[PDB]
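A short worksheet on the structure shown next.
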Amino acid sequence: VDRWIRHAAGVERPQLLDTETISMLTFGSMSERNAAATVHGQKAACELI
Amino acid sequence: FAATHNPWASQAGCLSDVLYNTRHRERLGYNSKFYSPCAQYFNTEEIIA
Amino acid sequence: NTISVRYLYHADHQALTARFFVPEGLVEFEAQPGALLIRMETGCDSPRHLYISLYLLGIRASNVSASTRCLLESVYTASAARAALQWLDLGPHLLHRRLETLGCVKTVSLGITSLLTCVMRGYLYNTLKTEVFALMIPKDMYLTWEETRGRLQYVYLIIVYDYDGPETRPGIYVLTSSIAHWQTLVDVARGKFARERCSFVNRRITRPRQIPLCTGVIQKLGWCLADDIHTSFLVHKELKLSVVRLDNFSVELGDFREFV
Amino acid sequence: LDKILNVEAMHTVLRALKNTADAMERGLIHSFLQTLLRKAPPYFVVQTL
Amino acid sequence: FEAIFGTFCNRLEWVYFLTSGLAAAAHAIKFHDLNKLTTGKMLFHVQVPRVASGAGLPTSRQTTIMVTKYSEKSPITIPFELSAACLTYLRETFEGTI
Amino acid sequence: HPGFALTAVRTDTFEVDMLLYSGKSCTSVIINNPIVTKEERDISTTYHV
Amino acid sequence: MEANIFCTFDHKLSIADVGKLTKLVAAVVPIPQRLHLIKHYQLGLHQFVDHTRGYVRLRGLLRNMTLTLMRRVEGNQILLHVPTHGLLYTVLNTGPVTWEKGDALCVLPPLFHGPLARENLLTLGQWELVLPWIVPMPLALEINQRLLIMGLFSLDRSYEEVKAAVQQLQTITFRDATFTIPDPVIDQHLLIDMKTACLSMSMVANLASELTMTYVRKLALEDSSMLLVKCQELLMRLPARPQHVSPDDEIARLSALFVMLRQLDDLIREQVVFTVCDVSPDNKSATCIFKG
């Protein structure tokens with residue numbers, strides 16, 4: 001069911017990243033790949049029930 | 001003058017409270033690098049102190 | 001006034017130079033000061049040792065581009081590499097014992113026997129502190145695990161040992177990184193060489209004979225600023241080749257550290 | 001140093017009189033203006049008269 | 001052949017914190033460091049005006065309110081490299097050629 | 001449409017030119033003589049004033 | 001590189017505020033940035049403070065921090081000096097452990113002694129000064145053995161079973177001094193260390209020679225001793241021995257095993273920083289050859 005969630009969301013795991021890349025997450029590190037063309041600049045949003 | 005216009009937002013321990021408090025989030029772990037625009041509003045120590 | 005000792009000396013030299021005679025068949029490309037010297041442990045008595053340039057290791061390296069290997073194949077066809085492939089290629093996944101880093105050149109004399117100075121510690125530079133010679137890593141061999149430039153990156157020379165095919169074709173990895181703790185540098189090496197760490201188990205699954213060894217070896221070479229990092233261009237014997245330059249590179253030759 | 005503190009106590013008495021005197025001036029302004037408040041009917045009354 | 005042209009030097013007009021009009025807000029005064037052991041927690045007996053009143057509400061009996069302030073240092077530092085060649089040629093004079 | 005209303009908060013970053021007007025002789029500042037230090041390298045000599 | 005580091009303060013010093021820092025002269029001070037004028041907010045281990053209350057993560061983040069010896073309290077600045085390789089400078093004791101001449105020393109994260117002297121010795125609006133311990137090498141690594149045995153022990157156990165060994169494991173003893181150790185338990189960094197640990201245990205189990213692994217049993221009937229009686233109990237689970245093999249194979253079967261003996265012990269190994277020479281009679285200062 002979790003694979004169906006990642007598929008329906010469209011956000012597939014990048015092989016759970018490198019294990020050292022997970023080790024750097026506790027210090028904080030970028031996860032998003034940079035978008036290619038970005039004429040509109042930085043994007044942001046948030047969500048609340 | 002409503003006691004809580006957004007019961008699932010203003011309440012302590014609501015879904016947005018645990019979702020956005022830095023304390024309730026770090027108890028589950030998170031990447032510090034990502035910005036959380038709503039999180040600045042729900043914090044206790046940022047506000048109560 | 002009297003006893004003006006300051007006038008007597010022209011300049012001090014912190015660098016620990018050494019003069020090594022070299023065969024004329026290896027002087028090519030080596031004539032540029034920025035190149036590693038690496039003694040080889042030949043099994044023959046005459047001679048038991050044989051200096052080789054780091055570029056000579058790339059004719060057999062796997063990770064280097066094959067188009068560069070087509071160029072290097074036309075370069076070293078002389079008394080040197082014809083014996084080097086006869087010896088170091090014969091070695092069964094053993095290089096850190098066969099090889100021994102010996103710093104980089106300061107100057108290269110010509111002649112039929114090309115003696116050359118080579119510092120084993122400190123900055124390498126032209127005499128009278130004039131021109132500042134720079135180290136030259138081969139283009140494809142250079143890499144960084146972190147694409148971000150650091151404030152100050154030490155350089156290391158890992159020697160990967162693949163165990164896939166019956167004939168091992170070890171890779172060579174110069175790399176700069178701001179990391180300075182070997183206990184963490186092996187940890188970042190753990191997840192990146194997953195095919196190589198799998199390969200060390202992959203020999204035991206097939207051939208109990210002949211012991212598998214290192215997935216790599218790490219040793220200090222020296223520090224360099226991110227602004228000192230460069231990727232320029234080099235020419236010798238008309239065969240042009242771009243290279244990853246390093247400017248003010250102090251030499252600090254640490255001992256090899258074997259590990260899996 | 002004690003003789004310097006003599007001059008310090010003298011200046012303390014000087015400001016104790018000066019600031020009380022200027023406060024007496026502000027009190028005379030505040031009191032006379034307070035009398036003007038009681039003395040002055042609202043304009044719409046005076047216009048009706 | 002081919003033409004060449006020389007010293008198109010980058011002229012740099014000088015500036016000063018003192019010549020600037022922004023210093024009018026400043027009360028800058030160069031002064032030797034005392035190695036003060038932090039004496040920068042200055043006190044201030046700031047005199048406070050008051051007013052007499054005929055109202056029965058009390059007026060303050062205490063002239064001049066206390067004020068504590070601090071001297072928040074913000075040091076700056078500028079590296080500038082000099083090549084060892086430029087130094088070794090600077091003091092020495094080989095007197096071999098022009 | 002489900003039962004979820006949304007407060008989609010979103011911060012924005014704007015470039016801003018500004019101006020400021022301190023009074024004359026506002027903050028006071030004092031400075032000392034520069035203290036040069038001679039950092040040493042065999043190939044060059046940086047100087048941190 | 002730089003030979004020295006400087007710092008700037010916010011909240012102003014008093015008599016005690018500068019006296020506690022003059023007490024810390026010639027003592028270890030980690031920095032993470034090595035800029036010529038670091039801010040005090042970046043100074044110390046306190047920047048890595050963690051509400052999750054970890055420890056091993058503080059150690060791994062400590063692994064990359066540069067060490068810098070303290071010197072000269074000019075006032076309103078730390079004036080750190082950057083140690084040079086291969087020489088010596090005096091170093092004050094910090095960690096509550098007795099020192100002896102010639103022992104190796106290493107950096108370890110602090111932990112409360114038990115009674116807890118709780119001497120922060122410096123504080124501001126919230127920021128503090130947490131100086132990592134300088135401890136003798138066997139003590140520096142045995143705690144890593146405790147955290148590693150704590151990691152392997154956690155698997156497949158009831159909570160009373162999980163904490164049963166902990167009453168002995170977290171109460172380490174050394175030179176009369178005793179220490180209780182709060183632990184991350186599971187902080188991923190212990191897990192990634194466990195992965196290379198068991199991977200080393202596998203090859204060490206597999207690279208062993210047929211006679212080398214049998215050597216204890218070959219000695220078992222050969223001799224009788226209480227250490228061997230303690231040796232005997234571990235190996236058995238509930239007399240014959242064989243011998244073959246050509247001599248040349250052992251030079252290979254043993255050689256690669258030495259690399260695993262490093263790779264297995266590397267994770268409990270820590271880089272040395274100090275080597276004491278002239279111990280002070282008062283048990284405070286101690287000059288040490290070699291630095292970071």
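Identifiers in this document derive from the order of the structure tokens: chains are assigned A, B, ..., residues are numbered from 1 separately in each chain, and ligands are numbered from 1 in order of occurrence.
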Kindly determine which residues of chain G lie within 10 Å of chain A, considering only C-alpha atoms, and give the answer as number ranges by chain. G: 48, 57, 61, 187-189, 192
Set the distance at 12 Å and use only C-alpha atoms: which residues neighbour residue A:47 once local chain neighbours fewer than 3 positions away are removed? I'd like the list as a count of residues only. 17
Find the residues of chain E in contact range of chain G, meaning any atom within 7 Å when counting only C-alpha atoms, and list them as a VMD selection string. chain E and resid 35 37 to 38 72
Compile a residue-level contact table for chain B against chain G at a cut-off of 10 Å, reporting for every qualifying residue the shortest atom pair and its distance in Å to one decimal, with only C-alpha atoms counted, rows ordered by chain and ascending number, as CSV.
residue,atom,partner,partner_atom,distance
B:22,CA,G:51,CA,9.9
B:23,CA,G:51,CA,7.6
B:26,CA,G:52,CA,7.1
B:27,CA,G:52,CA,6.2
B:28,CA,G:52,CA,9.1
B:29,CA,G:52,CA,8.8
Stretch 6-23 of chain D surroundings by only C-alpha atoms, 10 Å radius, close-in-sequence under 4 positions cut, as a PyMOL selection string: (chain D and resi 1-2+27-29) or (chain E and resi 47-53+62-64)
With N, CA and C atoms retained, export the selected residues as a PDB file, in the first residue's frame.
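File produced: out-v6.pdb:
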ATOM      1  N   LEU D   1      39.135  63.098  47.564  1.00  0.00           N
ATOM      2  CA  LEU D   1      37.946  62.507  46.962  1.00  0.00           C
ATOM      3  C   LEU D   1      36.691  62.837  47.760  1.00  0.00           C
ATOM      4  N   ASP D   2      36.804  62.891  49.089  1.00  0.00           N
ATOM      5  CA  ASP D   2      35.652  63.275  49.894  1.00  0.00           C
ATOM      6  C   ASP D   2      35.260  64.722  49.630  1.00  0.00           C
ATOM      7  N   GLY D  27       3.721  72.863  36.324  1.00  0.00           N
ATOM      8  CA  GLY D  27       2.491  72.794  37.091  1.00  0.00           C
ATOM      9  C   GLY D  27       1.641  74.039  36.935  1.00  0.00           C
ATOM     10  N   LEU D  28       2.281  75.207  36.848  1.00  0.00           N
ATOM     11  CA  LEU D  28       1.529  76.438  36.624  1.00  0.00           C
ATOM     12  C   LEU D  28       0.869  76.440  35.252  1.00  0.00           C
ATOM     13  N   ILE D  29       1.540  75.877  34.247  1.00  0.00           N
ATOM     14  CA  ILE D  29       0.931  75.761  32.927  1.00  0.00           C
ATOM     15  C   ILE D  29      -0.181  74.723  32.955  1.00  0.00           C
TER      16      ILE D  29
ATOM     17  N   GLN E  47      18.251  62.612  34.243  1.00  0.00           N
ATOM     18  CA  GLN E  47      17.271  63.435  34.940  1.00  0.00           C
ATOM     19  C   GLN E  47      15.942  63.434  34.195  1.00  0.00           C
ATOM     20  N   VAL E  48      14.851  63.311  34.945  1.00  0.00           N
ATOM     21  CA  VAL E  48      13.514  63.184  34.380  1.00  0.00           C
ATOM     22  C   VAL E  48      12.678  64.399  34.776  1.00  0.00           C
ATOM     23  N   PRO E  49      12.219  65.214  33.823  1.00  0.00           N
ATOM     24  CA  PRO E  49      11.288  66.296  34.162  1.00  0.00           C
ATOM     25  C   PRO E  49       9.978  65.748  34.712  1.00  0.00           C
ATOM     26  N   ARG E  50       9.381  66.505  35.636  1.00  0.00           N
ATOM     27  CA  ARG E  50       8.070  66.181  36.188  1.00  0.00           C
ATOM     28  C   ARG E  50       7.237  67.457  36.235  1.00  0.00           C
ATOM     29  N   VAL E  51       6.006  67.339  36.729  1.00  0.00           N
ATOM     30  CA  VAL E  51       5.060  68.449  36.731  1.00  0.00           C
ATOM     31  C   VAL E  51       4.273  68.441  38.037  1.00  0.00           C
ATOM     32  N   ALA E  52       4.088  69.626  38.616  1.00  0.00           N
ATOM     33  CA  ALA E  52       3.242  69.770  39.793  1.00  0.00           C
ATOM     34  C   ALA E  52       1.773  69.662  39.404  1.00  0.00           C
ATOM     35  N   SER E  53       0.955  69.195  40.342  1.00  0.00           N
ATOM     36  CA  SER E  53      -0.463  69.016  40.072  1.00  0.00           C
ATOM     37  C   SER E  53      -1.262  69.315  41.327  1.00  0.00           C
ATOM     38  N   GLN E  62      11.063  60.581  43.284  1.00  0.00           N
ATOM     39  CA  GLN E  62      12.432  60.246  42.896  1.00  0.00           C
ATOM     40  C   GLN E  62      12.770  60.915  41.566  1.00  0.00           C
ATOM     41  N   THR E  63      13.494  62.027  41.641  1.00  0.00           N
ATOM     42  CA  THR E  63      14.069  62.647  40.458  1.00  0.00           C
ATOM     43  C   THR E  63      15.155  61.749  39.868  1.00  0.00           C
ATOM     44  N   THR E  64      15.288  61.796  38.538  1.00  0.00           N
ATOM     45  CA  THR E  64      16.400  61.184  37.812  1.00  0.00           C
ATOM     46  C   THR E  64      16.359  59.658  37.838  1.00  0.00           C
TER      47      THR E  64
END
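Atom pair atom CA of residue C:211 / atom CA of residue G:206: separated by 11.2 Å.
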Residues of chain F were defined as contacting chain C if any atom lay at most 12 Å from it, counting only C-alpha atoms; please report them as a PDB file with C-alpha atoms, in the first residue's frame.
ATOM      1  CA  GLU F  40      53.256  32.836   7.629  1.00  0.00           C
ATOM      2  CA  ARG F  41      53.487  30.467   4.675  1.00  0.00           C
ATOM      3  CA  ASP F  42      56.606  29.298   2.864  1.00  0.00           C
ATOM      4  CA  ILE F  43      55.264  30.486  -0.519  1.00  0.00           C
ATOM      5  CA  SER F  44      53.510  33.735   0.532  1.00  0.00           C
TER       6      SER F  44
END
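If we count only C-alpha atoms, these residues of chain C sit within 10 Å of chain A: residues 184, 187, 188, 189, 190, 191, 192 and 194 of chain C.
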Write the selection just made, keeping N, CA, C and O atoms, as a PDB file, in the first residue's frame?
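Produced file result.pdb, reproduced below:
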ATOM      1  N   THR C 184      35.324   9.106   9.641  1.00  0.00           N
ATOM      2  CA  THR C 184      34.162   9.485   8.844  1.00  0.00           C
ATOM      3  C   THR C 184      34.395   9.316   7.351  1.00  0.00           C
ATOM      4  O   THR C 184      33.442   9.057   6.605  1.00  0.00           O
ATOM      5  N   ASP C 187      33.415   6.097   6.402  1.00  0.00           N
ATOM      6  CA  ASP C 187      31.965   5.950   6.467  1.00  0.00           C
ATOM      7  C   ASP C 187      31.295   6.491   5.211  1.00  0.00           C
ATOM      8  O   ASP C 187      30.364   5.871   4.684  1.00  0.00           O
ATOM      9  N   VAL C 188      31.752   7.643   4.712  1.00  0.00           N
ATOM     10  CA  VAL C 188      31.239   8.139   3.442  1.00  0.00           C
ATOM     11  C   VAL C 188      31.689   7.252   2.289  1.00  0.00           C
ATOM     12  O   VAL C 188      31.036   7.221   1.241  1.00  0.00           O
ATOM     13  N   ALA C 189      32.797   6.525   2.455  1.00  0.00           N
ATOM     14  CA  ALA C 189      33.196   5.536   1.464  1.00  0.00           C
ATOM     15  C   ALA C 189      32.338   4.275   1.519  1.00  0.00           C
ATOM     16  O   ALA C 189      32.320   3.517   0.544  1.00  0.00           O
ATOM     17  N   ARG C 190      31.628   4.036   2.627  1.00  0.00           N
ATOM     18  CA  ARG C 190      30.869   2.795   2.765  1.00  0.00           C
ATOM     19  C   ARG C 190      29.720   2.728   1.766  1.00  0.00           C
ATOM     20  O   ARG C 190      29.590   1.751   1.019  1.00  0.00           O
ATOM     21  N   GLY C 191      28.874   3.763   1.739  1.00  0.00           N
ATOM     22  CA  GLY C 191      27.692   3.726   0.897  1.00  0.00           C
ATOM     23  C   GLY C 191      27.921   4.112  -0.547  1.00  0.00           C
ATOM     24  O   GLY C 191      27.055   3.848  -1.388  1.00  0.00           O
ATOM     25  N   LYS C 192      29.063   4.730  -0.858  1.00  0.00           N
ATOM     26  CA  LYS C 192      29.314   5.157  -2.230  1.00  0.00           C
ATOM     27  C   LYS C 192      29.857   4.021  -3.088  1.00  0.00           C
ATOM     28  O   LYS C 192      29.478   3.887  -4.257  1.00  0.00           O
ATOM     29  N   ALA C 194      29.182   0.836  -3.025  1.00  0.00           N
ATOM     30  CA  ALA C 194      28.366  -0.335  -2.722  1.00  0.00           C
ATOM     31  C   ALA C 194      28.646  -1.483  -3.683  1.00  0.00           C
ATOM     32  O   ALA C 194      28.602  -2.650  -3.280  1.00  0.00           O
TER      33      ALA C 194
END
In chain A, what's alpha helix (DSSP H) per DSSP? Answer as an NGL selection string? :A and (2-9 or 19-25)
Include N, CA, C and O atoms and write out the residues we just selected as a tab-separated table (two decimals), in the first residue's frame.
chain	number	residue	atom	x	y	z
A	2	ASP	N	2.02	1.21	0.67
A	2	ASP	CA	2.91	2.36	0.65
A	2	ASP	C	3.46	2.64	-0.74
A	2	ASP	O	3.66	3.80	-1.10
A	3	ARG	N	3.70	1.59	-1.54
A	3	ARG	CA	4.13	1.80	-2.92
A	3	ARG	C	3.02	2.43	-3.75
A	3	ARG	O	3.29	3.25	-4.64
A	4	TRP	N	1.77	2.07	-3.47
A	4	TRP	CA	0.64	2.70	-4.15
A	4	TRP	C	0.51	4.17	-3.77
A	4	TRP	O	0.06	4.98	-4.58
A	5	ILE	N	0.92	4.52	-2.55
A	5	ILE	CA	0.88	5.91	-2.12
A	5	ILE	C	1.97	6.71	-2.81
A	5	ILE	O	1.72	7.80	-3.34
A	6	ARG	N	3.19	6.18	-2.83
A	6	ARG	CA	4.28	6.87	-3.51
A	6	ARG	C	4.01	7.00	-5.01
A	6	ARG	O	4.43	7.97	-5.64
A	7	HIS	N	3.29	6.03	-5.58
A	7	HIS	CA	2.97	6.10	-7.00
A	7	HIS	C	1.87	7.11	-7.28
A	7	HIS	O	1.99	7.94	-8.19
A	8	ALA	N	0.78	7.05	-6.50
A	8	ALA	CA	-0.30	8.01	-6.70
A	8	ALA	C	0.14	9.43	-6.38
A	8	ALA	O	-0.32	10.38	-7.03
A	9	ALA	N	1.02	9.61	-5.39
A	9	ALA	CA	1.57	10.93	-5.12
A	9	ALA	C	2.53	11.37	-6.22
A	9	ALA	O	2.71	12.57	-6.43
A	19	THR	N	22.99	6.02	2.10
A	19	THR	CA	22.92	5.93	3.55
A	19	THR	C	23.65	7.10	4.20
A	19	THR	O	23.21	7.62	5.24
A	20	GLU	N	24.77	7.53	3.61
A	20	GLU	CA	25.44	8.72	4.11
A	20	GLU	C	24.63	9.99	3.84
A	20	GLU	O	24.72	10.95	4.61
A	21	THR	N	23.85	10.01	2.76
A	21	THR	CA	22.96	11.14	2.53
A	21	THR	C	21.89	11.21	3.61
A	21	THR	O	21.48	12.31	4.02
A	22	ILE	N	21.43	10.06	4.09
A	22	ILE	CA	20.55	10.04	5.25
A	22	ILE	C	21.30	10.48	6.50
A	22	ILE	O	20.72	11.13	7.38
A	23	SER	N	22.59	10.15	6.60
A	23	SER	CA	23.37	10.55	7.76
A	23	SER	C	23.57	12.06	7.82
A	23	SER	O	23.70	12.62	8.92
A	24	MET	N	23.60	12.72	6.67
A	24	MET	CA	23.71	14.18	6.65
A	24	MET	C	22.38	14.87	6.93
A	24	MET	O	22.38	16.07	7.22
A	25	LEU	N	21.26	14.14	6.85
A	25	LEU	CA	19.96	14.76	7.09
A	25	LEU	C	19.81	15.25	8.52
A	25	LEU	O	19.11	16.24	8.76
Spatial neighbours of stretch 235-238 of chain C, max dist 12 Å, only C-alpha atoms, sep filter under 3 positions, as a PyMOL selection string: chain C and resi 27-32+71-72+74-76+136+232+241-243
Nearest to residue E:76, chosen from G:253, G:39, G:20, G:218, with only C-alpha atoms counted in the distances: G:39
Skipping near chain neighbours, those fewer than 3 positions away, what residues fall within 8 Å of stretch 86-91 of chain C using only C-alpha atoms, listed as a ChimeraX atom specification? /C:40,42-43,60,82-83,94-95,98
Please dump the current selection as an mmCIF file, in the first residue's frame; keep N, CA, C and O atoms.
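Once written, again25.cif looks like this:
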data_model
loop_
_atom_site.group_PDB
_atom_site.id
_atom_site.type_symbol
_atom_site.label_atom_id
_atom_site.label_comp_id
_atom_site.auth_asym_id
_atom_site.auth_seq_id
_atom_site.Cartn_x
_atom_site.Cartn_y
_atom_site.Cartn_z
ATOM 1 N N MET C 40 57.958 1.791 -7.734
ATOM 2 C CA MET C 40 57.331 0.491 -7.936
ATOM 3 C C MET C 40 58.248 -0.617 -7.437
ATOM 4 O O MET C 40 59.461 -0.584 -7.666
ATOM 5 N N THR C 42 59.368 -3.719 -8.201
ATOM 6 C CA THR C 42 59.597 -4.783 -9.169
ATOM 7 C C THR C 42 60.156 -6.016 -8.467
ATOM 8 O O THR C 42 60.998 -5.909 -7.571
ATOM 9 N N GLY C 43 59.681 -7.197 -8.873
ATOM 10 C CA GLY C 43 60.200 -8.426 -8.296
ATOM 11 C C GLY C 43 61.557 -8.844 -8.821
ATOM 12 O O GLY C 43 62.224 -9.674 -8.195
ATOM 13 N N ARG C 60 46.320 1.587 -17.587
ATOM 14 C CA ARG C 60 45.643 0.387 -17.126
ATOM 15 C C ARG C 60 44.421 0.674 -16.261
ATOM 16 O O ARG C 60 43.644 -0.249 -15.991
ATOM 17 N N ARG C 82 56.599 -0.483 -21.272
ATOM 18 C CA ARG C 82 56.627 -1.859 -21.755
ATOM 19 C C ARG C 82 57.062 -2.814 -20.657
ATOM 20 O O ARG C 82 56.648 -3.980 -20.641
ATOM 21 N N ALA C 83 57.885 -2.337 -19.724
ATOM 22 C CA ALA C 83 58.207 -3.139 -18.556
ATOM 23 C C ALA C 83 57.182 -2.953 -17.449
ATOM 24 O O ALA C 83 56.950 -3.877 -16.664
ATOM 25 N N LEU C 94 47.202 -6.014 -6.110
ATOM 26 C CA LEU C 94 48.157 -5.480 -5.141
ATOM 27 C C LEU C 94 48.868 -4.291 -5.768
ATOM 28 O O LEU C 94 49.642 -4.455 -6.717
ATOM 29 N N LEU C 95 48.608 -3.106 -5.244
ATOM 30 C CA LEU C 95 49.269 -1.887 -5.695
ATOM 31 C C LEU C 95 49.803 -1.048 -4.544
ATOM 32 O O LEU C 95 50.903 -0.503 -4.653
ATOM 33 N N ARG C 98 53.003 -2.458 -3.821
ATOM 34 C CA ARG C 98 53.920 -2.247 -4.938
ATOM 35 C C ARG C 98 54.288 -0.776 -5.111
ATOM 36 O O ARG C 98 55.412 -0.467 -5.521
#
Going by DSSP on the backbone, which bits of chain E are strand (DSSP E)? Write them as JSON, numbers by chain, please. {"E": [29, 30, 43, 44, 45, 46, 65, 66, 67, 68, 79, 80]}
Writing out the chosen residues with N, CA and C atoms as a PDB file, in the first residue's frame:
ATOM      1  N   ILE E  29      35.551  58.731  17.851  1.00  0.00           N
ATOM      2  CA  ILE E  29      36.763  59.245  18.478  1.00  0.00           C
ATOM      3  C   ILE E  29      37.760  58.105  18.626  1.00  0.00           C
ATOM      4  N   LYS E  30      38.883  58.181  17.912  1.00  0.00           N
ATOM      5  CA  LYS E  30      39.922  57.174  18.083  1.00  0.00           C
ATOM      6  C   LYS E  30      40.484  57.247  19.498  1.00  0.00           C
ATOM      7  N   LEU E  43      26.631  53.313  33.623  1.00  0.00           N
ATOM      8  CA  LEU E  43      25.424  53.779  34.285  1.00  0.00           C
ATOM      9  C   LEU E  43      25.121  55.212  33.858  1.00  0.00           C
ATOM     10  N   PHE E  44      23.849  55.591  33.958  1.00  0.00           N
ATOM     11  CA  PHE E  44      23.413  56.921  33.537  1.00  0.00           C
ATOM     12  C   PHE E  44      22.324  57.422  34.477  1.00  0.00           C
ATOM     13  N   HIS E  45      22.622  58.494  35.213  1.00  0.00           N
ATOM     14  CA  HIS E  45      21.622  59.207  36.008  1.00  0.00           C
ATOM     15  C   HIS E  45      20.923  60.204  35.091  1.00  0.00           C
ATOM     16  N   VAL E  46      19.928  59.708  34.361  1.00  0.00           N
ATOM     17  CA  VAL E  46      19.196  60.534  33.405  1.00  0.00           C
ATOM     18  C   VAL E  46      18.104  61.291  34.154  1.00  0.00           C
ATOM     19  N   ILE E  65      15.990  59.049  36.703  1.00  0.00           N
ATOM     20  CA  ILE E  65      15.875  57.600  36.575  1.00  0.00           C
ATOM     21  C   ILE E  65      17.201  56.999  36.123  1.00  0.00           C
ATOM     22  N   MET E  66      17.459  55.776  36.579  1.00  0.00           N
ATOM     23  CA  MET E  66      18.660  55.032  36.223  1.00  0.00           C
ATOM     24  C   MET E  66      18.566  54.481  34.801  1.00  0.00           C
ATOM     25  N   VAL E  67      19.723  54.376  34.141  1.00  0.00           N
ATOM     26  CA  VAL E  67      19.826  53.813  32.795  1.00  0.00           C
ATOM     27  C   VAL E  67      21.122  53.016  32.700  1.00  0.00           C
ATOM     28  N   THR E  68      21.012  51.725  32.390  1.00  0.00           N
ATOM     29  CA  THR E  68      22.170  50.882  32.119  1.00  0.00           C
ATOM     30  C   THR E  68      22.348  50.709  30.615  1.00  0.00           C
ATOM     31  N   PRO E  79      42.462  40.414   5.635  1.00  0.00           N
ATOM     32  CA  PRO E  79      43.677  39.842   5.041  1.00  0.00           C
ATOM     33  C   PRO E  79      44.094  40.575   3.772  1.00  0.00           C
ATOM     34  N   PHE E  80      45.401  40.567   3.505  1.00  0.00           N
ATOM     35  CA  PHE E  80      45.917  40.920   2.183  1.00  0.00           C
ATOM     36  C   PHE E  80      47.227  40.181   1.953  1.00  0.00           C
TER      37      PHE E  80
END
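Atom CA of residue C:20 sits 10.1 Å away from atom CA of residue C:102.
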Counting only C-alpha atoms, what are the residues of chain A within 12 Å of chain F, and for each of them which pair of atoms is the nearest and at what distance in Å, to one decimal? Sort the table by chain and rising number, as JSON lines.
{"residue": "A:41", "atom": "CA", "partner": "F:13", "partner_atom": "CA", "distance": 10.7}
{"residue": "A:42", "atom": "CA", "partner": "F:13", "partner_atom": "CA", "distance": 9.1}
{"residue": "A:43", "atom": "CA", "partner": "F:12", "partner_atom": "CA", "distance": 9.1}
{"residue": "A:44", "atom": "CA", "partner": "F:10", "partner_atom": "CA", "distance": 6.2}
{"residue": "A:45", "atom": "CA", "partner": "F:10", "partner_atom": "CA", "distance": 5.0}
{"residue": "A:46", "atom": "CA", "partner": "F:8", "partner_atom": "CA", "distance": 5.4}
{"residue": "A:47", "atom": "CA", "partner": "F:8", "partner_atom": "CA", "distance": 5.1}
{"residue": "A:48", "atom": "CA", "partner": "F:7", "partner_atom": "CA", "distance": 5.5}
{"residue": "A:49", "atom": "CA", "partner": "F:6", "partner_atom": "CA", "distance": 5.5}
With N, CA, C and O atoms retained, export the selected residues as an mmCIF file, in the first residue's frame.
data_model
loop_
_atom_site.group_PDB
_atom_site.id
_atom_site.type_symbol
_atom_site.label_atom_id
_atom_site.label_comp_id
_atom_site.auth_asym_id
_atom_site.auth_seq_id
_atom_site.Cartn_x
_atom_site.Cartn_y
_atom_site.Cartn_z
ATOM 1 N N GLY A 41 10.984 31.919 -10.567
ATOM 2 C CA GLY A 41 11.658 32.072 -9.286
ATOM 3 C C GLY A 41 11.243 31.066 -8.221
ATOM 4 O O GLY A 41 10.608 30.043 -8.489
ATOM 5 N N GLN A 42 11.638 31.372 -6.982
ATOM 6 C CA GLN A 42 11.423 30.464 -5.858
ATOM 7 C C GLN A 42 9.940 30.228 -5.584
ATOM 8 O O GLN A 42 9.137 31.164 -5.562
ATOM 9 N N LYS A 43 9.588 28.969 -5.331
ATOM 10 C CA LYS A 43 8.223 28.569 -5.017
ATOM 11 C C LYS A 43 8.094 28.230 -3.538
ATOM 12 O O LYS A 43 9.068 27.846 -2.884
ATOM 13 N N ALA A 44 6.878 28.381 -3.012
ATOM 14 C CA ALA A 44 6.594 28.064 -1.619
ATOM 15 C C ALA A 44 5.098 27.834 -1.455
ATOM 16 O O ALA A 44 4.288 28.403 -2.191
ATOM 17 N N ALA A 45 4.742 26.993 -0.483
ATOM 18 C CA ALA A 45 3.347 26.738 -0.137
ATOM 19 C C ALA A 45 3.299 26.029 1.210
ATOM 20 O O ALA A 45 4.323 25.596 1.744
ATOM 21 N N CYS A 46 2.087 25.918 1.750
ATOM 22 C CA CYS A 46 1.855 25.203 2.999
ATOM 23 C C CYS A 46 0.406 24.733 3.026
ATOM 24 O O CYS A 46 -0.411 25.128 2.191
ATOM 25 N N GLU A 47 0.095 23.879 4.000
ATOM 26 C CA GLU A 47 -1.186 23.187 4.010
ATOM 27 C C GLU A 47 -1.666 22.988 5.442
ATOM 28 O O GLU A 47 -0.887 22.569 6.301
ATOM 29 N N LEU A 48 -2.950 23.267 5.687
ATOM 30 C CA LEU A 48 -3.562 23.084 6.999
ATOM 31 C C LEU A 48 -4.997 22.603 6.846
ATOM 32 O O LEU A 48 -5.711 23.029 5.933
ATOM 33 N N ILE A 49 -5.417 21.718 7.751
ATOM 34 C CA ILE A 49 -6.801 21.257 7.809
ATOM 35 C C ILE A 49 -7.670 22.331 8.458
ATOM 36 O O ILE A 49 -7.205 23.111 9.296
#
